[PDB]
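# Understanding the architecture of this molecule
Residues per chain are reported as follows:
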Amino acid sequence: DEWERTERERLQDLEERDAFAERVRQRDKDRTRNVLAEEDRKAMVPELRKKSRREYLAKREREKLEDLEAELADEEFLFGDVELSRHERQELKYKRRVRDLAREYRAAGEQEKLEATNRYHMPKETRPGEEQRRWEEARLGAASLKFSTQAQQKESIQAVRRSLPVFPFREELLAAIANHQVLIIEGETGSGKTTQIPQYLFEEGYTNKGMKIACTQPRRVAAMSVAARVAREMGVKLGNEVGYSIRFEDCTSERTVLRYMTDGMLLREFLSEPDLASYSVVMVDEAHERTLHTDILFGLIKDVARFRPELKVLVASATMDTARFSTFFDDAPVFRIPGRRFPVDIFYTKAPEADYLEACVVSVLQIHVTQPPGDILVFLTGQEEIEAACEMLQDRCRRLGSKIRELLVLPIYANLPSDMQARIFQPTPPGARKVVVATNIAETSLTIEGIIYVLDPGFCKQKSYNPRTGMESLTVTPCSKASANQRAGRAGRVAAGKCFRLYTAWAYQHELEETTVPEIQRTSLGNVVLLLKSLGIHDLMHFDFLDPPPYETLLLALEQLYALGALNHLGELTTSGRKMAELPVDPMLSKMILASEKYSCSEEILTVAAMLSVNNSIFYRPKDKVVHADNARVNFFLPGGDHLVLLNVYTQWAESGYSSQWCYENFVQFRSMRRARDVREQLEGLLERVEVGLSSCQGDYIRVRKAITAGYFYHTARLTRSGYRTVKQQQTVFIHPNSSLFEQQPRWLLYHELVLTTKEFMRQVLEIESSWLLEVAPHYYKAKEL
Amino acid sequence: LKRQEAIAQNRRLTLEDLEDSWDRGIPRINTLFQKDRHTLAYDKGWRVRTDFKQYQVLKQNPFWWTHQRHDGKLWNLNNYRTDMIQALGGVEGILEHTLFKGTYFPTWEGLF
Amino acid sequence: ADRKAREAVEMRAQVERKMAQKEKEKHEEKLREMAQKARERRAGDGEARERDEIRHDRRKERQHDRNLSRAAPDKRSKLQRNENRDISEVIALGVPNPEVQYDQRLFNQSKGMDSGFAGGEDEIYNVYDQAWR
Amino acid sequence: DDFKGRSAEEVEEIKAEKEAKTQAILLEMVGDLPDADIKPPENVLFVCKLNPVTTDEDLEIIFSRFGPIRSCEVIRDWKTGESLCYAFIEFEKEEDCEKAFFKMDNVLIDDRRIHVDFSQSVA
Amino acid sequence: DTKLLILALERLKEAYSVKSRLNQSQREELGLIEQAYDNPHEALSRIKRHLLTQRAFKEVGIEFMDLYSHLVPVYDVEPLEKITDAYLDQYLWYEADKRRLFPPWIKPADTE
Amino acid sequence: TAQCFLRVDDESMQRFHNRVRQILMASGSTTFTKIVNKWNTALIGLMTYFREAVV
Amino acid sequence: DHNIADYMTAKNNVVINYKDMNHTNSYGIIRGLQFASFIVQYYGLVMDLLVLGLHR
RNA sequence: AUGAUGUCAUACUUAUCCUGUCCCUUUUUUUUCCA
């Protein structure tokens, strides 16, 4: 098939790849010049002992570090249980006390240091969250007036195991798929379809012949959860035979039979081994999730399904998506699991409503006041709405005093500080109610036990990308039937629930569209379009889609890539073009990274990329500390723009030694910072392959802004006296309020986002020269237009 | 003590532990919980500083010795008003002395 | 006098420093004793198999650690410690329980940062603090 | 004083003397070596970056070039035997150790640019 | 520093609590307080510049407060320097009390 | 073991008296309710400081 | 810090002005500065030391 | 004898304005000799 043309290309891909890397190391052995009595010798032998000694000091203390850690790492899982004897027992006493002695005989020296810099030193003329416990002993000091059972665990595991909606459905489903290679398996959450199924497969030996069993998930954290769960079931260590591989974190060994991953992870395994010949089975979970990676894997694995009939295709999901599922997949049989723990009474408003956020408020008010025990889940659209919500709720709490009971309002969304995410996971303080205000982040993968009420105002904030304008707008959107059903289904998992729809049966049954548009239509796909072009294709049109994009969307993609220089004038791959597809993240960024090669601003452009990878959550902007926050922000504000702002911010953080309290003092989201650092480090781990020399701009931000241009020339606007307006389409934009240039308002502007919130917007913007534009893109940007 | 036990039994100190002693104490226990504890843990030397304001402002403070945000609020004379009315006679005895009945307002609860 | 006092401060400082230094080293010699007798006191039906497990686990651990540091300079420092600080991670990992907090009907019942005594003003009506009825 | 007021050089040199003394006493603390820091024989090179396919025989071959060998010891992962991709190699002369070193540093054998440094072993 | 400067400026507005007919000079001082309340970093830049380079200041005016039994001097400083000193006041007292400069017998203390 | 007998100091009585004196003196330009607001402020400031030395 | 010590000490030495008389402070302290609380209590610490002695 | 150049404040014009403005949902990309 086109599959075979692909793997043709891809095996030749691996051949040419290995040979290329080998050629390059030969090149470097060429470039690199191997230029390699009595008292001279007896001189430097003391100096070779100098270095032997000192490198040995670090080396010996390093080996001490190794076995040091190893003693306790070893006594973690052997001693505290078993009936063990004299030898290793005595040596546990030994290694216990002995690593104590090491820590102690070093803590002595550090004690000397700090005690002897405690002291008084005449000045010399030369030209963690406890500001509310350091103000709670101010008061108590101002107010002082003095003058076997592991087998038992296994029993419990199996005993719960047996009660799944799949444990009695065990055998016949096994025999069924033994018949059919492609078996669609419809079942809702809690059935265990993600957990019990791969076990069944393994105990049935599909791992024999050394084979593996893949489980893909759309979310890292969900994969980690799943893997922990099934490794506990299987009674082994997570990582050796049951393992998960996600970006930045391998948790597998060559004992791994049961390997969990992401959809992009599996696509990238096709960047390793087109056949998956070590995998006997791929089980794709929750495919309904509608990601670009799901919709690529569908095609690729369907190819493999026709090409590899000894291979096994399992695709499980939550909802009615089996119609199109089977139909695209040659109408595979559909095994139905019935799985739904407890019931929901789903209510509708009497009528349609005008003020649905307030309606949220007054609803939970009534519910809390009247209802029996039980936790509440409420949806909003997102951040600003949601804090306004807790505003209103806690204000009415203030007014209603002891007339009511303790209402643990907790907001939760994606960018809010991670301690504040975790805070909802604590068991509720007896007698009080806990209400979680949430976004559709709480649709999926977050498991909050205790929630017995669920309120849906029936909406969502969906992105919508029109390509005719290049505009993606995160705007309000009445949420689908599948949405409302699943938002409701979030409930019940331990008891009878309720689901209050802020809209009637009429609007529900009548004007409810089934599914969110399968992602590939609505999204922008520059990295992804390019990825499929460089992954076994030329004709990008008759390709085996599930849902193709509009030819419009594809045409825009092609023009994007050509103009940027990834495409020839006929649409195939340049050296610049390939290098970017292999490079992780999109091209515009990729073009900028290549531009660092020309501009000798390698490190700085690297760190910038690392920032734009995650930005959306950098700076925490609380209402209760607005001014000090704006301040720890306004500190770094550099001349040139937000990108070099980010550059210095990261620079200063790592400067502090990757300090968390640093960002805590300086109002920065530690999550964003450290994941960005990781993406830059693995970028550097790509950097050798993409042939980048590690260079500094030596403080010359001109190179920086110019590499930014050489990447993002497309993303530019100019001054018009009727506002800031595009360079090309002359459609009218506005600057984000929180821009480091927001009041600077430059004449020649570069951005990184293009949205239209309440008005058209652009994010991560910088001031440029129109001259660099004739430096870089005289074929795309001509002078007369500037 | 209750704070220790709230750490040991790890409970949350609830309103029932502190509604009894809610304006008692010297700072005042209801200063523990005010809005701006966070930026008032940074105001040190406030007592000397209000003493010395007398050389900077041309007016004379009668509460130089204290601070309402920091020391609490240390007197409550809300019943003075109530007993003043009952001793003068009650609102009816009190408004037989005034022009109230010549306004033809129907009752005195609304007066503003 | 300022020069003289600077000198005497520094001389007294380094005297006392050196005294406590020597005392620290004596402490350390006692701990040298502790270590020697520690291994001495150490040296002299599950343990044999748990012990093949000892060297099995530890030695494949050295395998993975060497090989980490060899594929990437410290891929041990890029894998194992970096495994264990982020929060969603830990919650999925079932690690348990990884200060006083109390009810929120307590907080923010008063807002303001200035004493109500208006800074020495008198002529304003602030006697009682509740509107009459 | 005067263990500080001599230079900056010998100052930090004394502190490196220390760092040694402390790391030694530390490593004996956690208990590896029987006798404290006895000077290592000048006649063994520790040669790392090695190949699991180069053996005692071949390494003793190539390091037979510069001096009379007393042994070639690639320490073995015990219950599987796989070469540890490093080694100790044992000469008769200081001159033999040195002459092997100063030509064999960072050379490519079996397509790997191995490293030679002298033995740090007190083992 | 923004906590220390917020405390400074609150202390300074307490003078003009009533917002009387004040004058030109008090109108101008209130303007300075508000603009440094809006842009708290132009302020702190200005402050630390003053503290670093200035050693010749404007002149201060004097007058007396008559307490009928003796008089009290009252000094009038210029609003720019009033702000730099308010900040330095807060800062020195915070640091001095954290480092424990003043032993416990120095007694207008904040504890009682 | 002992008793403390308290009294208001002489100079504190005199300072209260001078404070009332300047109320009355600067009141030909105040309205009845401001004269009484200043009286109320001064008298609370005395009674709540001394509190049983006044008795 | 010698910078802050110098700012404080040079700020006490200003020209003091009443209706039409002017003079220059050179000896004592202007108590109407805002750090003058700090200066008075530090000086008073030094004089506590002269009264009690360092041992007591 | 009137040049443009201007970071010049002042003066001046249009019965020219005082009513035409504001904060993102979800989440994913494989990696390489250590020394």
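Residues numbered from 1 in each chain as written, not as in the entry; some residues may be left out. Chains lettered and ligands numbered in written order. Part of a larger assembly, values for the part shown. Heavy atoms only, no water. Residues with missing side-chain atoms left out of burial classes, pairs and counts.

Regarding how it was determined, this PDB entry cites cryo-EM in its header, along with a resolution of 3.0 Å.

### Some thoughts on the protein's contact with RNA strand H
Counted only if it meets this: In this text, near means that some heavy atom of the residue lies within 4 Å of the molecule or strand in question. Throughout this description, a polar contact denotes any pair of N or O atoms lying within 3.5 Å of each other; where both atoms belong to protein, one of them has to be capable of donating a hydrogen while the other can accept it, and for residues adjacent in sequence the pair is counted only when both atoms sit in side chains. Numbering of helices and strands runs from the N terminus; a helix is a DSSP stretch of H or I covering at least four residues, while a strand is a stretch of E covering at least two.
Within the structure, RNA strand H sits among 53 residues, and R268, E384, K461, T758 and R763 of chain A are positioned closest to it. Protein-adjacent atoms of RNA strand H, using a 4 Å cutoff, are sugar or phosphate at a proportion of 65%. Backbone polar atom of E582 of chain A to a base oxygen of RNA strand H: 2.5 Å apart, as the coordinates give it. With respect to RNA strand H, the side chain of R112 of chain D contributes an N or O atom lying 3.3 Å from a sugar or linking oxygen. Secondary structure elements with two or more residues in the surface near RNA strand H: α1 (2–31), α9 (263–269), α13 (383–400) and α25 (670–687) of chain A, α2 (47–71) of chain C together with β1 (44–48) of chain D. Examining the composition of the surface near RNA strand H, we find that 4 residues originate from one element, α2 of chain C, more than from any other.

### What about the packing of α1 of chain A against helix α10 (residues 292–307) of chain A?
Residue and element names in this part refer to chain A. Which entries qualify depends on this criterion: Only C-alpha atoms enter the line fits that serve as axes; for helices the fit covers just the stretch in contact. Angles between N-to-C directions range over 0 to 180 degrees. Here roughly perpendicular refers to angles of 65 to 115 degrees, roughly parallel to angles under 35, roughly antiparallel to angles over 145, and oblique to all remaining angles. When checking whether two residues touch, look at their non-hydrogen atoms; a contact exists if any pair is within 4.5 Å. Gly counts as polar in this scheme, as do all residues outside two lists: the nonpolar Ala, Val, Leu, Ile, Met, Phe, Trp, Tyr, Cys and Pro, and the charged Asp, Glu, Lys and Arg.
Axis separation between α1 and α10 bottoms out at 9 Å; the angle between their running directions is 100°. In terms of orientation, α1 lies roughly perpendicular with respect to α10. Where α1 approaches α10, its residues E2, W3 and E4 are matched on the opposing element by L300, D303, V304 and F307. Residue composition of the contact of α1 with α10, by class: 4 nonpolar, no polar and 3 charged.

### Topic: the interface of chain A and chain C
At the interface, 58 residues of chain A touch 57 residues of chain C. Counting only elements with at least two residues in the side of chain A that touches chain C, the list comes to α2 (38–75), α3 (86–116), α8 (220–233), α13, α14 (418–422) and α25 of chain A. Top element by residues in the side of chain A that touches chain C is α3 of chain A. It accounts for 17 residues. Looking at the side of chain A that touches chain C residue by residue, the class counts come to 22 nonpolar, 9 polar and 27 charged.

### Details of the sheet that holds strand β1 (residues 182–186) of chain A
Residue and element names in this part refer to chain A. Put simply, the test is: When DSSP finds at least two bridges between two strands, those strands are taken to pair.
With mixed pairing, the 8 strands of this open sheet are ordered in space as β4-β3-β5-β2-β6-β7-β1-β8. With one partner strand each, in any of the chains shown, β4 (249–251) and β8 (334–336) form the two edges of the open sheet. This sheet shows a mean twist of 20° between the axes of neighbouring strands, independent of strand direction. As paired elements, strand β2 (residues 212–217) and strand β5 (residues 258–262) share 5 bridges and run parallel to each other. Bridging across to β5, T216 finds its partner in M261. Its contacts with the sheet place helix α6 (residues 170–179) against β1, β7 (312–317) and β8, and it is angled at close to 150° to β1.

### A word on the packing of aromatic side chains
Operational definition: A pair of aromatic rings is counted whenever rings of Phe, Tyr or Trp (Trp by its six-membered ring) have centres within 6.5 Å, and the orientation is called stacked for planes under 30 degrees apart, edge-to-face for over 60 and tilted otherwise. Three labels apply to residues, based on accessible area from a 1.4 Å probe with only protein chains included: buried if under 20% of the type maximum, exposed if over 50%, partly exposed otherwise in between. Think of it as a cone above the ring: NZ of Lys or CZ of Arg counts as a charge over the ring if it is within 6 Å of the ring centre and within 35 degrees of the ring normal.
Enumeration over the complete set of coordinates arrives at 46 aromatic pairs over all chains. Summarising the aromatic geometry, the rings of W65 of chain B and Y49 of chain F are spaced 5.4 Å apart at their centres and angled 80° between planes, so their arrangement reads as edge-to-face. Taken together, the residues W65 of chain B in the loop between α4 (46–52) and α5 (78–88) and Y49 of chain F in helix α2 (residues 32–50) connect one chain to another. Since its relative accessible area comes to 38%, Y49 of chain F is described here as partly exposed. Considering the side-chain rings of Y125 of chain C and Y128 of chain C, the 6.3 Å spacing of their centres and the 70° angle between planes classify their relative orientation as edge-to-face. On the basis of relative accessibility, which here comes to 55%, the residue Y125 of chain C falls in the exposed class. Members of the aromatic cluster, joined through ring pairs, are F298, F325, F328 and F329 of chain A. Over the ring of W132 of chain C we find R133 of chain C, and its NZ or CZ is 5.4 Å from the ring centre.

### A word on helix α19 (residues 575–582) of chain A
Looking only at α19 of chain A, the buried set comprises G577, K579, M580 and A581 of chain A. Elements in contact with the buried residues of α19 of chain A: α9, α17 (526–534) and α20 (587–599) of chain A.

### Considering the nonpolar core
What counts here: For this analysis, a nonpolar core means a set of buried residues of the types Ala, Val, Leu, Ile, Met, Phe, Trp, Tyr and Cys, connected via side-chain atoms within 4.5 Å.
Judged by nonpolar contacts, the single largest core of 55 residues is most densely connected at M611 and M673 of chain A. Among all residues touching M611 of chain A, those that are not within four sequence positions of it are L646, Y650, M673 and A676 of chain A. Within the second largest apolar cluster, 51 residues are counted, among which are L7 and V72 of chain E together with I16 and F35 of chain G.

### Re the interface of chain B and chain F
How we decide: Here the quantity called buried area is the accessible surface, traced with a 1.4 Å probe, that two parts lose on coming together, added over both. Salt bridge, as used here, is a side-chain nitrogen of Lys or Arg placed within 4 Å of a carboxyl oxygen of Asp or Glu.
With 8 residues of chain B at the contact, the number on the chain F side is 9 residues. Summed over both partners, the interface of chain B with chain F buries about 730 Å², with 66% contributed by carbon and sulfur atoms. Looking at the side of chain B facing chain F, the largest losses of area belong to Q60, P62 and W65 of chain B, adding up to 55% of the total buried there. Put simply, chain B and chain F have 0 salt bridges between them. Linking chain B with chain F are 1 residue pair in polar contact, by the criterion used here.

### Details of the environment of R47 of chain B
With respect to the element layout, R47 of chain B can be found in helix α4. Put simply, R47 of chain B and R11 of chain B are 36 residues apart on the chain and 36 Å apart in space, counted from C-alpha to C-alpha. Sequence-distant contacts of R47 of chain B, that is, excluding residues within four places in its chain, are made with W65, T66 and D71 of chain B together with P108, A109, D110 and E112 of chain E. Engagement of the side chain of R47 of chain B in a polar contact is seen with the backbone oxygen of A109 of chain E, the distance being 3.1 Å.

### A word on the pattern of salt bridges
As enumerated under the stated definition, the model contains 55 salt bridges over all chains in all. Between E66 of chain A and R62 of chain A there is a salt bridge, with the nearest N and O atoms lying 3.4 Å from each other. Placement of the pair is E66 of chain A and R62 of chain A together in helix α2, with a separation of 4 residues, close to one helical turn. The salt bridge partner of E131 of chain A is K625 of chain A, with a shortest N-O separation of 3.7 Å. Residue classification places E131 of chain A among the partly exposed residues on the basis of a relative accessible area of 23%. Overlapping salt bridges bring together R41 of chain A together with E95, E98 and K99 of chain D as one network.

### Some details on the pairing of β2 of chain A
Taken residue by residue, a regular strand's side chains alternate between the two faces of the sheet. By the criterion of burial, β2 of chain A is predominantly enclosed, with 6 of the 6 residues buried. Alternating residues of β2 of chain A divide into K212, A214 and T216 of chain A and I213, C215 and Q217 of chain A, and every residue in both groups is buried.

### As for helix α1 (residues 9–29) of chain D
Side chains that are three or four residues apart share a direction in an α-helix, a result of its 3.6 residues per turn. In plain terms, the rule: What a helix is expected to span follows from its residue count: subtract one and scale by 1.5 Å.
The end-to-end C-alpha distance of α1 of chain D, which contains 21 residues, comes to 29 Å, matching closely the 30 Å that a straight helix rising 1.5 Å per residue would cover. Among all positions in α1 of chain D, only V11, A16, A20, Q23, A24, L26, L27, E28 and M29 of chain D are buried. Buried residues along α1 of chain D sit in contact with α2 and α3 of chain A together with α1 (2–43) of chain C. Looking one or two residues past α1 of chain D, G31 of chain D carries a phi angle of roughly 80°, positive in sign.

### Brief notes about the sheet that holds strand β16 (residues 497–501) of chain A
Residues and elements named next belong to chain A. With parallel pairing, the 6 strands of this open sheet are ordered in space as β9-β16-β13-β10-β12-β11. The open sheet has two edge strands with one neighbour each: β9 (344–348) and β11 (407–412). Here the strands of the sheet are splayed against their neighbours by 15° on average, with no regard to which way each runs. Bridging between strand β10 (residues 375–379) and strand β13 (residues 451–456) involves 4 bridges; their strand directions are parallel. By the bridge assignment, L377 is partnered in β13 with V454. Those strands touched by helix α12 (residues 356–370) are β10, β11, β12 (433–438) and β13, and its axis lies near 170° from that of β10. Each of β10, β13 and β16 touches helix α15 (residues 481–489); the most contacted strand, β16, lies at about 145° to it.

### Structural notes on a negative patch on the surface
Definition in use: Candidates for patches are residues over 30% relative accessible area with no salt bridge; among them, like charges are joined within 9 Å and nonpolar side chains (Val, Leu, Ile, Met, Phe, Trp, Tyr) within 5 Å. Here, Shrake-Rupley sampling with a 1.4 Å probe gives the accessible areas, and only protein chains in the shown set may cover a residue. Here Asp and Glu are counted as negative and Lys and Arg as positive; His is not counted, and neither are the chain ends. Charge positions are represented by NZ for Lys, CZ for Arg, CG for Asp and CD for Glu.
A grouping of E22 of chain A together with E57, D58, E60, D110 and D111 of chain D is seen on the molecular surface, where their side chains present a negatively charged patch. For the negative patch, the leading source of residues is helix α2 (residues 56–62) of chain D, giving 3 residues. Relative to the helices and strands, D58 of chain D is located in helix α2. In this structure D58 of chain D comes out as partly exposed when scored by relative accessible area, which is 31%.

### Considerations on the environment of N22 of chain G
Turning to its location among the elements, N22 of chain G is positioned in strand β2 (residues 21–24). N22 of chain G sits in the exposed class, given a relative accessible area of 51%. Those residues in contact with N22 of chain G that sit more than four places away from it in its chain are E59 of chain E together with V15, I16 and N17 of chain G.

### Overview of a nonpolar patch on the surface
A surface patch of nonpolar side chains, about 630 Å² in accessible area, is lined by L101 of chain E together with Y42, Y43, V46, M47 and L50 of chain G. In this fold, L50 of chain G is placed in helix α2 (residues 36–52). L50 of chain G gets classed as exposed once you look at its relative accessible area, which sits at 69%.

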